[PDB]
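Notes for the one structure printed next.
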Amino acid sequence: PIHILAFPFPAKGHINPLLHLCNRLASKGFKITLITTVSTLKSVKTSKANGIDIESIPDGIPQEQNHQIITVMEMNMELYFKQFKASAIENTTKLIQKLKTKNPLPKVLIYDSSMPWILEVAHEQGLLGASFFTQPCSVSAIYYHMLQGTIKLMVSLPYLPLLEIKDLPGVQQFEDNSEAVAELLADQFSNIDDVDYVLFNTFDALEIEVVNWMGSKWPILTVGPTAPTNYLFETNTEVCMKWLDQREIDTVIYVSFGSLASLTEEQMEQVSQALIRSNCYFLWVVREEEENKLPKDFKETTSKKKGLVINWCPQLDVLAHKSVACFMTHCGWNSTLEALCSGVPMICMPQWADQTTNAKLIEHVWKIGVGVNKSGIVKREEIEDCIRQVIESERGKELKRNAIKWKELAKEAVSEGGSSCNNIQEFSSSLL
Ligand SMILES: O=c1ccn([C@@H]2O[C@H](COP(=O)(O)OP(=O)(O)O[C@H]3O[C@H](CO)[C@@H](O)[C@H](O)[C@H]3O)[C@@H](O)[C@H]2O)c(=O)[nH]1
């Protein structure tokens, strides 16, 4: 078989979409080796069934308690991203040298678009290099314009809706890391003309004009959603799906702020009271390190009547469940795309980076969500109003119909003859 190496950035919103692409490629007969940091591997709980080799490299940055890579990295982003980069260059080189003692020999390296310098490692090692963008073409275009200097982070950019300042990717939220973060985002396009394959986790129908514009510059391959319609980490699948199977159609608010965003105790309380004083069933993912900021008896007592509070869930299976009526989300791109492809309208509570832009696209372009309005805390009353809008109002019925329409276009994209299916086949055939 042809041997593909895959190197996501060490965060779940980067690992997961690449993992799903890898599972698709493995189904077509390719051998896959997934490259993870030690810290990522510590959280991997199931891997046997996917048949993918997992090889680990050092973190390359300090190990601070049991915190995640980006958490440590945020203490000093400019220094620690550079340390992560230098260590990853050296250790991916060493790992490829070792893999070259085994058959089948590696032939291609799919790497996260946020680590463009991995292209030089792939080419030095005689491999093809494929840059895998985990953000939509619309937001990625902003980073391209940042690299060209057309914009520095009302705003008008080619083939995007008119944006308010709050709609731009949120780099200011990173405080003394804002400048480093803006440079790393722009740098995704620094070597794009030398990449062997440019892959985006999106589908053409979702952003026709920006994809077309992008394609006028470089051959790009839209391959999304890579997610099927599955997990490396603990997802508490049995507890979650049995609770959802007890819920009636269209009754559950799914609530998640993803793998990284952490709300203050003050914000947690407003979300908590909003969910309670709404009278809806809710499944709220509160990561284990964030639990201690919940109200005193929320998890054990107050949420017991209508809520399931869980430290992680099988999000693809949850969003596919008929009981789910809407998705209160931080609007990370994976959650955004997974909800659209599942036909689930959202309540948008973006926190930083591309989430702000994603929320604007959700509400104003794809029209499958509403956005909370901050006061900078989002108040329980605002959340409750958004819940009624989606759950009870005529508008929410329109958002749901729009979400089902996108689900159908996404199904077509990944089915035989669809744009993403065609592009994955073109990629596979090229490797052959
Ligand atoms: O209980 C859960 C919650 C989430 N997920 C999955 O976790 C991932 C979350 O990804 P995402 O929605 O993209 O949010 P983040 O966790 O914040 O990660 C991303 O946040 C931004 C998304 O665009 C990007 O900068 C990067 O891809 C990455 O940092 C998705 O695959 C989810 O399906 C679960 O499986 N179970």
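Reconstructed Cβ throughout: ideal geometry from the backbone, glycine too, with neighbour counts over all protein chains shown. Rule-based calculations on the coordinates, nothing more; no lab input.
Which of the residue pairs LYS85/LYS293; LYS305/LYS374; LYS28/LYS107; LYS166/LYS407 have a Cα-Cα distance greater than 24 Å in the structure shown?
Details: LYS85/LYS293 33 Å; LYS305/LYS374 28 Å; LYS28/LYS107 16 Å; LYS166/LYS407 28 Å.
Over 24 Å Cα-Cα: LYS85/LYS293; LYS305/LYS374; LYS166/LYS407.
With a/c under 1.5 counting as rounded, go ahead and sort the stretch 1-93 into rounded, prolate or oblate using the C-alpha gyration tensor (a ≥ b ≥ c being the square roots of the eigenvalues; past the cut-off, prolate if a/b is larger than b/c, else oblate). If you can, show how the numbers build up before the last one.
Values: a/c = 2.40, a/b = 1.86, b/c = 1.29.
Prolate, since a/c reaches 1.5 and a/b exceeds b/c.
When DSSP assigns beta bridges and you keep just the ones with both residues in the chain, what percent turn out antiparallel, to the nearest 5?
Values: 2 of 48 bridges.
That works out to approximately 5 percent antiparallel.
For the stretch 390-407, list residues with backbone N below 17 Å from a point placed 7 Å from the Cα of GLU248 toward its Cβ?
Backbone N within reach: 391-393.
First check a/c for the stretch 255-333, with a ≥ b ≥ c the square roots of the eigenvalues of its C-alpha gyration tensor; if it is under 1.5, answer rounded, and if not, answer prolate when a/b is larger than b/c or oblate otherwise. Each step should come with its number before you reach the end.
Working: a/c = 1.62, a/b = 1.16, b/c = 1.39.
Cα axes put the stretch 255-333 in the oblate bin.
Anything over 21 Å Cα to Cα? Flag those among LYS12/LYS48; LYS217/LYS405; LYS360/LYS405; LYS12/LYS379, in the order listed.
On the way: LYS12/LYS48 19 Å; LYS217/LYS405 30 Å; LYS360/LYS405 19 Å; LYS12/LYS379 28 Å.
The answer is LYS217/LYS405; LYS12/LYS379.
Leaving out same-chain residues fewer than 8 places away, which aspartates and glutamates sit with a Cα under 18 Å from that of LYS94?
Answer for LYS94, where 18 Å is the Cα cut-off: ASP53, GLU55, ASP59, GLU120, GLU124, listed by chain and number.
Which of rounded, prolate or oblate describes the stretch 237-410 when judged by the alpha-carbon gyration tensor and an a/c cut-off of 1.5? Present the calculation step by step, with values, prior to reporting the outcome.
Working: a/c = 1.45, a/b = 1.20, b/c = 1.20.
Note, shape of the stretch 237-410 comes out rounded.
With θ taken as phi - 60° and the coefficients 6.51, -1.76 and 1.60, list the Karplus ³J(HN,Hα) couplings across the stretch 277-292 in order, rounded to whole Hz; mark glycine and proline as x.
3J(HN,Hα) across the stretch 277-292, in whole Hz: 7, 4, 9, 9, 6, 8, 10, 10, 7, 10, 4, 4, 6, 9, 3, 5.
So if we plug the beta-carbon distance of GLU416 and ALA26 into 1/(1 + (r/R0)^6) with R0 = 25 Å, what FRET efficiency do we get, rounded to 0.05? Don't skip to the end; give the middle numbers.
Details: r = 19 Å, r/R0 = 0.75.
That pair, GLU416 with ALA26, gives E of 0.85.
Just how far, in whole angstrom, is the stretch 359-423 from the stretch 108-154 if you go by their alpha carbon centroids?
27
Based on the Cβ-Cβ distance of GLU290 and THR150, what FRET efficiency does E = 1/(1 + (r/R0)^6) give at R0 = 35 Å, to the nearest 0.05? Present the calculation step by step, with values, prior to reporting the outcome.
Numbers: r = 38 Å, r/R0 = 1.08.
Efficiency at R0 = 35 Å is approximately 0.40.
For the stretch 3-48 and the stretch 85-106, what is the separation of their C-alpha centers, rounded to whole Å?
Cα centroid to Cα centroid, the span is 15 Å.
As a test of the formula, what do you get for the chain when each DSSP H run with n ≥ 4 contributes -39,500 (n - 2.57) and the sum is divided by the residue count, at 222 nm and rounded to the nearest 500 deg cm²/dmol?
Values: 16 runs with 176 residues, N = 432.
The per-residue figure over the chain is -12500 deg cm²/dmol.
How far apart, in nm, are the 7 Å Cα→Cβ label points at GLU392 and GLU234?
Result for the modelled spin labels: 3.8 nm.
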